[PDB]
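Enquirer: kindly return the folded structure for what I paste below:
(chains A, B, C, D, E, F, G and H)
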Amino acid sequence: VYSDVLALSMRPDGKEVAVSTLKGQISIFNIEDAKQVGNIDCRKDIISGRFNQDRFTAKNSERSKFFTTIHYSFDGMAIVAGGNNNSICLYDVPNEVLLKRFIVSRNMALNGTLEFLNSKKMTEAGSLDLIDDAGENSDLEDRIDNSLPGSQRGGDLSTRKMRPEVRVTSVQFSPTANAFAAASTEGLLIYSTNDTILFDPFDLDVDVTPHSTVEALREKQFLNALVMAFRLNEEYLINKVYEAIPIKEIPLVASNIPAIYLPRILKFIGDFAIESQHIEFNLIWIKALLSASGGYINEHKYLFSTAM
Amino acid sequence: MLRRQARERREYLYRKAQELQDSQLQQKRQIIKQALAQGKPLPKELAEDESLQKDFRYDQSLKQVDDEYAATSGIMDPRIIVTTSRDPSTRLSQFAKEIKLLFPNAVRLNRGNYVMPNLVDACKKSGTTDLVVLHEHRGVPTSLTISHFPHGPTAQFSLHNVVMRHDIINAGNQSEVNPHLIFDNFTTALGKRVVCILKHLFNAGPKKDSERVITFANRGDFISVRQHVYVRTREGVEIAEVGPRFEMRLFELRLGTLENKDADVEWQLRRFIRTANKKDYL
Amino acid sequence: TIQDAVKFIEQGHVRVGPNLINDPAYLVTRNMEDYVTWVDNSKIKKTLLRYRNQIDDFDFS
Amino acid sequence: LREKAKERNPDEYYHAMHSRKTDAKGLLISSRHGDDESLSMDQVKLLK
Amino acid sequence: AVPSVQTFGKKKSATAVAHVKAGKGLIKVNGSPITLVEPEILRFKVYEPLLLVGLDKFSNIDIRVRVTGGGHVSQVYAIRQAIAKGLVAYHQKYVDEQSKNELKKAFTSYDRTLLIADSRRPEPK
RNA sequence: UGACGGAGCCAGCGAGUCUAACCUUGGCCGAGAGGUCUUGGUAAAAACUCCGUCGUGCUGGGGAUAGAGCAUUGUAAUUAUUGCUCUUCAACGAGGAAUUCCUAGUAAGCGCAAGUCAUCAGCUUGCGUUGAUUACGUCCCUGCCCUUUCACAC
RNA sequence: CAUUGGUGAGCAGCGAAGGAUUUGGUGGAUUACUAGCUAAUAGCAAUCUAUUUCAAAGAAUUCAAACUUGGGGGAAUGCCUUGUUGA
RNA sequence: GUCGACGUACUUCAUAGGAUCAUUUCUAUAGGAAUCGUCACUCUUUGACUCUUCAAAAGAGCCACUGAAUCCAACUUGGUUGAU
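Expert: Numbering: from 1, shown residues only, chains lettered A, B, ... in the order given. Provided below are the atomic coordinates:
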């Protein structure tokens, strides 16, 4: 590779490996033949702040213009990335494009959260934020400076002079849900997706409305009602139809669910069944779906891995 | 790794530089230890050297493999690469296979078009301990070079009286067991150095019942190398020659790898000194 | 000079491994000496490469 | 000289690197007259 | 001072140096046109950085390549590597990053040795 | 698996006031030693690419050395003056059985330089330039080696 | 021949009562908008202070008080501690 | 034979006389030499400031308004009876 490799991740397929380097790139290589199948230029996406002690611009700073941790999604389609910066970046690997960027912290008590600093602070002495003001404290325990010169992080008995920096040390995706965790200075940032917020139709049509879905439910066309609820992709309506289907109709509906909507019903049952009290109903649904389409899941391991 | 090896070489050479003054202070401390033990008077200079007497209260608790071999003597087994000169003949290839089979952890590598600086770098990054290069004059092996890594000694030997197993043995295969080594008649410091270099090519701790014996015997600065198989009969031990036989002669020993010609010489053969005949250096 | 080195550190030219160090008080271990290097995209690094006529702009110099 | 060439640090920096030049062969260019070489048009007109 | 870029290409003992500056389309190797690079049988290896991306990418630049060392094959590979890297570097320095990324994708898809040097160092077993 | 000329074109090692043949025909100068001159005979990047020309085969290709036959040229063909052809004498056209070595800048090809206190010139070592086929599995065979005396699960 | 050398002299092109560099000062923003002063349930802002003082409340280590010292040896006299002598 | 005794050869160990300084007076000696409320000038040394070379490197960053400098263009004056 052109530059120093800092992070590495394996695709869950095991066919490809993704690599985060010092020059701000994430390169994706195939393992069977050592061929670079992709590259993402991530350097400009990174939000790097300026420290209070820096004598150089955050633009010209090269402290954090790379990623030190990366991770693949369990379907192998996305990569989350973080580093010693104030950004967590999500990428789509077939299109090599940035999906979403997250600001790690907004805390001015942290160090690299601001790219620009208020110039009222700068005096002829320097920054007002760097003046040692611990001597004004009421207690001796607050006034004592126990520090060793040039320590990068400090210790339990030796606290560092400079303020903590914003950084992310480890990002991972959840195996169970559409969420990811980041190990950052403040703690563990858990970013999750709830489907109750957005309106994201799939294969929508003019006839497909919640009123039409409830009407088909009253007409007892349970497969049509469930498919229309999946096309509208609304959690309350999916739940309404799913709990309205009788137990005797569950094998026929589960056998006749289209192959496209079946990841959706598996994800819905997986999310719903862990909090819900309908343990036998959920088990009957899982049994019917596993009996009807276990082979399809077996072929599409990585498409179904999170739901399963 | 380029910056690490140069720095470690500098530190090694600095230790070799300070070793002389360290030894001199060691003899100055050894007089004090004998004087304190026997109640003997000190000499005038040690009597009036107040700093040495003040430091002896600290240095009283100070007390063997060589420096290049100290870190891994008996911990990790060697890795040896046996290679030849640039365009080896078939008979040199046969002898290289024989030397590879003589050593227990050794692989024979085709020279091809390999440059010596590139080969040394490859050996360093691959983690091999030793490199052995073989030279010949029309099928007769004439020279054997052993170089220790990363910055160890390089010894060069002149081979004489070379007899190979392909010639003597009509059939049979070598045992390839961790052998028992016999180093004979190495008395001087040069002999100890050669013993260290040759001994550390072999694996540590052969088991007691091992039937292979490899012998390096010093006769008049010529090392006879033999390989034998023994069976412990109640009457005695009978001996079968099972390996190549050759005489090797150390003519140059340098404090560096094979690629470096500016390496310091620990020892060199001097042919044209007037009294060269009288002395036996090994 | 040591003062020149101090200024070059505070001006953001120095990295010890991948990490930029703008603290002059940072203490270097014998092992950590081998990764004390100029940062990439440094005008100092471009100057020394341009002096040796070995500047490759594909590598960003 | 060989030892110095071996132990040279690629990352060394000098302020005189701005003044000194290296030719295409890889060697230092030393000016015969320089302690410049070029004359301005104002100087050239007076000299002619 | 025109916008100019210097890049290097290597293959064994051969070394090629490419200077890519603002220009009109002059592509010269060793003071001679690119269409005289010998051998004939390997001229398209030198041509293929041009042909993968198009001559329109070369419409506004001047490339000047000086090659020493090696033999015919090594020098051809050094030339093509230096030209490809010089294109990528000029389009990153004075043209857009999108152009640079598209060029790098095309060159990587065809042959990565156009961009990254192929070093056949020994591997002890 | 060519030859013969032309043209085009590409390396990396090597820099001690140190690097380097013998006999021979004579002229001159000189007391000599020798010097100078004259004569004659012996030792001592390649590839690759391009263009042109010859032409490929047991349709054996060469090498003799003598002799014979017939003729060239002839005072004299006795001196084959010699020429041509045939005859005459030896080997050879990619190397049998056995046997050995070898897995990537590797096998194999190509030149260039050095001569480093041992070794080497009946050669040794280095340096670059072109650069593959096949396997990268398996213990079936032939050997060698080794064992049989922290949780969870076995 | 090359100049990714300097210093100049000129064209094409661009092109609206000019153009190009450099620099001092001041204002706004650089965190997310609830107004000034004081003795503050109010008064002042032109202050008052010629009611601004009374009353009430208020006193533990029974002074506990260097968590604050570069290393090795010491301490005449200090200082600390303990004992003692005479009041 | 890092054994003793003897023989031999070698290596290293001296010391004085005098003076001065060291007690916030006095280093022990009377053989020595110093007790004063500042006025000015001249010279010298040193350090700050401001600018700068070797010789760079980094810019508390953006807008707006208001001054100044420099180089062209244009105009004005002088100029082959002589500008630079």
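
Enquirer: use CA for all of it now, contacts and neighbours both
Expert: Noted.

Enquirer: pretty sure residue A:308 contacts residue A:268?
Expert: No. Counting by CA atoms under 8 Å, residue A:308 sits too far from residue A:268 to count as a contact (11.0 Å).

Enquirer: just give me the neighbour total for the residue of the stretch 101-250 of chain B found nearest chain D.
Expert: Relative to chain D, the nearest point of the stretch 101-250 of chain B is residue B:117 (12.9 Å; CA to the nearest CA). Look at residue B:117: counted by other CA atoms under 10 Å in any protein chain shown, it has 13 neighbours.

Enquirer: and the stretch 101-250 of chain B, which of its residues are near chain E?
Expert: Selection of the stretch 101-250 of chain B residues close to chain E by CA under 8 Å from any CA of the partner chain yields B:107, B:109, B:118-119, B:122-123, B:126.

Enquirer: list the contacts of residue A:62.
Expert: By CA atoms under 8 Å, 6 or more residues apart in numbering or on different chains, the residues touching residue A:62 are C:12, C:20, C:39.

Enquirer: measure residue B:57 to RNA strand G for me?
Expert: For residue B:57, the distance to RNA strand G equals 11 Å [CA to the nearest atom of the strand, to the nearest Å].

Enquirer: no, scratch that, I was asking about residue B:237
Expert: Using CA to the nearest atom of the strand, residue B:237 is found at 65 Å from RNA strand G.

Enquirer: again, but for residue A:101
Expert: 19 Å.

Enquirer: could you export the helix or strand containing that residue as PDB, CA atoms only?
Expert: Using DSSP states H and E, the element containing residue A:101 is strand A:97-103. Output of strand A:97-103 as PDB, limited to C-alpha atoms (Å, rounded to 0.1, in the frame of the first residue of the first chain):
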ATOM      1  CA  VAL A  97     -19.300   7.100  -1.100                       C
ATOM      2  CA  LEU A  98     -20.100   8.700   2.300                       C
ATOM      3  CA  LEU A  99     -23.500   7.900   3.700                       C
ATOM      4  CA  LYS A 100     -23.500   9.900   6.900                       C
ATOM      5  CA  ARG A 101     -21.100  11.700   9.200                       C
ATOM      6  CA  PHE A 102     -21.400  12.000  13.000                       C
ATOM      7  CA  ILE A 103     -19.900  14.700  15.200                       C
END
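
Enquirer: the helix or strand following that strand near RNA strand G anywhere?
Expert: With elements assigned by DSSP H and E, the helix or strand that comes after strand A:97-103 is helix A:140-143. Yes. Helix A:140-143 reaches RNA strand G (CA under 7 Å from any atom of the strand) through residue A:140.

Enquirer: pull up the residues of chain C that are close to chain D.
Expert: C:37-38, C:44-45, C:47-48, C:51-53.

Enquirer: kindly indicate which of those residues lies nearest RNA strand G.
Expert: Taking CA to the nearest atom of the strand as the measure, RNA strand G sits nearest to residue C:53 out of these, at 9.7 Å.

Enquirer: neighbours around that closest one, how many?
Expert: By the criterion of other CA under 10 Å, residue C:53 has 18 neighbours.

Enquirer: any idea how far it lies from RNA strand H?
Expert: Counting by CA to the nearest atom of the strand - residue C:53 and RNA strand H are separated by 16 Å.

Enquirer: which ones are touching that residue?
Expert: D:22-24, D:26.

Enquirer: for residue E:25, same thing?
Expert: E:58-63.

Enquirer: if we look at the strand holding residue A:101, which residues are touching it?
Expert: A:40, A:47, A:86-92.

Enquirer: what strands line up against it, and which way round?
Expert: strand A:87-92 (antiparallel) (DSSP bridges).

Enquirer: what's the burial count for residue E:112?
Expert: Residues contacting residue E:112 under the criterion other CA under 10 Å number 17.

Enquirer: repeat for residue B:23
Expert: 11.

Enquirer: tell me the residues of chain E that contact RNA strand F?
Expert: Counting by CA under 7 Å from any atom of the strand, chain E sits next to RNA strand F at E:12-14, E:38-41, E:68-75, E:120-123.

Enquirer: rerun at 6 Å
Expert: For chain E, the contact set with RNA strand F under CA under 6 Å from any atom of the strand comprises E:12-14, E:39-40, E:68-74, E:120-123.

Enquirer: now the closest residue to RNA strand F within the stretch 1-150 of chain A: how far from residue A:15?
Expert: Nearest residue of the stretch 1-150 of chain A to RNA strand F (CA to the nearest atom of the strand) works out as residue A:32 at 11.8 Å. Distance check for residue A:32 against residue A:15: by CA to CA, to the nearest Å, it reads 7 Å.

Enquirer: of those two, who's got more company?
Expert: When neighbours are counted by other CA under 10 Å, residue A:32 and residue A:15 differ, and residue A:15 comes out ahead with 12 against 9.

Enquirer: so who does that one touch?
Expert: Contacts of residue A:15 (CA under 8 Å, 6+ apart): A:30-32.

Enquirer: does the most centrally placed residue in chain B count as helix, strand or coil?
Expert: By CA atoms, centre = their mean, the mean C-alpha position of chain B lies nearest to residue B:197, the distance being 1.2 Å. Put simply, residue B:197 is helix when judged by DSSP: H, G, I helix; E, B strand; the rest coil.

Enquirer: contact partners for it?
Expert: Counting by CA under 8 Å, 6+ apart, residue B:197 has contacts residue B:153.

Enquirer: strands along chain D, start to end?
Expert: Remark: strands assigned in chain D by DSSP state E are D:21-22, D:28-29.

Enquirer: phi first, then psi, for residue 52.
Expert: I'll assume chain A. phi -80, psi -20 (degrees, to the nearest 10).

Enquirer: pretty sure it is touching residue A:111, no?
Expert: Yes. Here residue A:52 reaches residue A:111: they are 7.0 Å apart, a contact under CA under 8 Å.
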